[PDB]
């Protein structure tokens, strides 16, 4: 609401904080993703080779 | 919403504020918890465990001897064996108990206590002790006759090795404590070739209705 | 949401702001509330209790004598016994009442008052007083005849020991007060061996329609 | 006729954690009876009297025995104040029950602390020094917020007030805490003519109501 | 001229009467000249000022929560980035003896760390009495007359978080707001000047409750 | 006098017992005089102070999350706009060797960048042990006696983000709040003075748990 208190941790940059930041170029449409063979989503798949 | 006012208490670090802070290592998965026996979630469970009272906390007594109330054959009759106050918080025999140690982490407590006496003489030894409780109003009884008029138990060694005394209510605030006295109801009686000296071990605990208020750091350490 | 603007009034401490602040001792359980008789949730209940008017608030009168209106056998007739204004807020007899003390904690009040008179003479004493109320428009009546034409009560001691007068409306703002006058309708009549002097005790209170506005610190203390 | 203090009939205390393990003693007519104090002589120059409860009954009969030899106490009181005046006597008494009646000392313009004879006057009671301020710095005129009854000699000669137990705790020590004070103050002074009795007797009768005791010594 | 209508009942409630944040203490943290303490211990006194003492003493028993606000600055009204510690010492806990005593590090004493440049720190202290309510009037003895220790609300120990003397005095204005107030057993407002802080003591020179006038028949003062 | 009622069970829980943010370390970042390091590496020690060590050693195994708050200022309590880096070095990661070592730039070491003028930085460290719980007592050998390396929680390396020496010492007060605590296997509270930081070692001069009195029959100390 309108009443608010700022808690400890205000104005801190934690390098592991997965927050949200505004886009630098709003309405920019990146190149659409084509299919590329050999997608890997895990390092354990590489460990098992 | 978007409109906002910051109130007093903004940018303050209150050490008792149970807020939320971001994890230092997001997506870190701690070691999963296995079953471990003996989980305790309450200090009152520890308060309800009987622990030895240091009733013989006298000058010059050292080591395990401080946990033993001596009982011997008496030349005189109706004598007083030992007395102690039922005061978990203050200095004295209750300092050696678990309930006595926990009460020093708090400011206020109330409830019923439990005192158990264990006779550790020979199987052949017999006699009677009068265990008297005086409520916080009065002073220590002067004679066994006076102690018999108040709350008391007559304890026979030859029949029961252990008796439980229940103190109905004690309390403390920011002591109002009773007194327990042990009297020689009878002489210590033994057959020949039997030690005429024995010991009583006193244990102390809290009942199911004991509670603690206002957590306070201990002065022991 | 995440986007936010801080408005004027940010970081201000308004002493009348009824906000929320974090508890200093979270998980502290206060002493549970027992039933206590005589809970009051309103100062108007105290305003509606009759309290003694200090009508005899004259120079040289000290102690309990200031609460007594003297009534005696009069050489002259139709004389004025006592007068006071029905003004809880300002200095005078209402200062000694509970409604008079509460009105000084507020700036504006309105409603009906209640004045009770108690005759404390002998059972054998008889006579009549004329109790007249003058609305805030006029001045004090000069004669009993003039007072009889306005709002008045003729009070007989031998029949009723106490009479209630109701002032229909008083008000105050950031005094517009009426006047109560007590006249000797008859001479004070007693049998032989009966005191010819007596007292009237005046009590004051507020009615059920009295109210208070704009809380304001008192100038008494 | 009967003033019920705060519209609360005295009653036995609800279940308590301390009283659950050892049930409190509830004495009967043997304790809960009428105690008639010594009569007070109301004179022209009298300033009034006050009594502390239960200090007034603390050394009197079986109630005094229970009060002294128990750690905890709880009781309501039914108090009767009676006058013996002729129809040729005049005067007004205020009978007021003051909860937590803390008596103040008067410092000459240095006694800033009242002595035990004033704080605990016993069964004989104490006379007021400054009845105008009730000996406590609060005006007598406003003492009608407390439970009270008038004794106007021309209308009534008796007052009855029923005071329940009023405390921040369900029990307390009878010997060192007074729950309330009973004050009798002549507002209109006693007047009479030559040949009448020069004093009006004032009799205080007390009945404990729903007395409770705990932790007998 | 005359208030024709009624003012409503909201501002005559006990909740509103004892409401609004009010100054209860001016704490000076001296660090320069002859007084280089660098800390202060302030006992929490709801009755520090006579105006608030008279309002609270309208009741006999009172139960409430207190919200405290600390308004802090230097002598010249400046508020630089000095860091301050506001420690709440609960009733029956040891108090700091010096600028660097170990009680400043006690975890069971809640602390606020705030800068002078921050908006004022604010925190709620709950109902703290071992009884069901605070007693403004206790007619008895602890075991001085009328000194009940159940009205101890704690202590605010304030220091600058600094190693050696800073040479700067900090003025802390403590504001307290009573919350969720319940009051029992109405009493007359005090009519005599207060002599001492904890007693009803008054001077023998008794002041009349009502202002004097010339005669009981005149209405001009 | 006597607490007639019960105090509840909330404050006797293990969760409440091990709760509230407490000082676990005073870290000095020296940048002037003979010590121009400009950084400090502080090992995370939950048992830095004896008061907290004794409370934690009530348990054998304990699983919790820790929330850390850094309260930082200069010698004279001032908090200017100096930028600081608070790096968390997880267990088994290299520590900084100097003010500008490459470990300050390691991405897998989480950092907090905060100014001294900002409100204190706060972050939650999860449960870090390779075992299901932290072991305050490990009865065995790694392959010294009783030195379990599974209780390593990491390191807080603190520096000023600066090129050359600033000439200013920064005092960092580290506050830790235990969260979601589970405790296993209750143990007696320590009765002897601690000799060393990681051992149960005690002096041969053994102190009695209970304070001495004159005789087993007297109740005066």
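Order of writing sets the chain letters: A, B, C, D, E and F. Residues in each chain are counted from 1.
Just so we're on the same page, a residue touches a chain if its C-beta (ideal position, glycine included) is under 8 Å from a C-beta of that chain, and two chains touch if they have at least 3 such contacts.
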Interface sides of chain E and chain F: same vs different residues, half threshold: different
Among B-E, B-F or C-F, which pair gives essentially the same interface as C-E, with more than half of the residue-number contact pairs in common? B-F
Reported most central chain by Cα centroids is E
Could you please state the distance in Å, as a whole number, between where the Cα atoms of chain A are centred and where those of chain F are centred? 33
Centre-of-Cα separation between chain C and chain B, whole angstrom: 61
Taking the mean of the CA coordinates per chain, how far is chain E from chain F in Å? 36
Sequence positions of chain B contacting 2 or more other chains: 1, 3-19, 21-25, 108, 110-111, 136, 169, 171, 173, 209, 213-215, 217
Junction residues of chain D - those touching two or more other chains: 6, 17-18, 71, 99, 130, 132, 139, 141-142, 145, 166, 168-170, 173, 177
The positions of chain F in contact with two or more other chains are 1-3, 5-8, 11, 16, 19-22, 51, 69, 71, 110, 119-120, 122-123
In the complex with chain E, residue positions of chain D that touch it: 6, 52, 99-109, 112-114, 119, 130, 132-133, 136-139, 141-143, 145-146, 166, 168-169, 173, 176-181
Per the contact definition, I'd like the list of chain B residues that touch chain F in the complex. 11-13, 15-19, 21-25, 28, 30-34, 36-47, 54-59, 62-63, 66, 69-70, 80-85, 91-96, 98, 101, 105-106, 108-111, 136, 140, 169, 171-173, 176, 179, 209, 211-215, 217-218, 220-221
Chain D-touching residues of chain F, taken from the complex the two chains share: 1-6
Can you name the residues of chain B that touch chain D in the complex? 110-112, 134-138, 150, 168-169, 171, 207, 209
Going by the contact rule at the top, pick out the chain F residues touching chain B in the complex. 1-3, 5-9, 11-17, 19-22, 50-51, 54-55, 58, 60-61, 63, 67, 69, 71, 88, 90, 110, 119-120, 122-133, 175, 177, 182-186, 188-191, 206, 208-219, 221
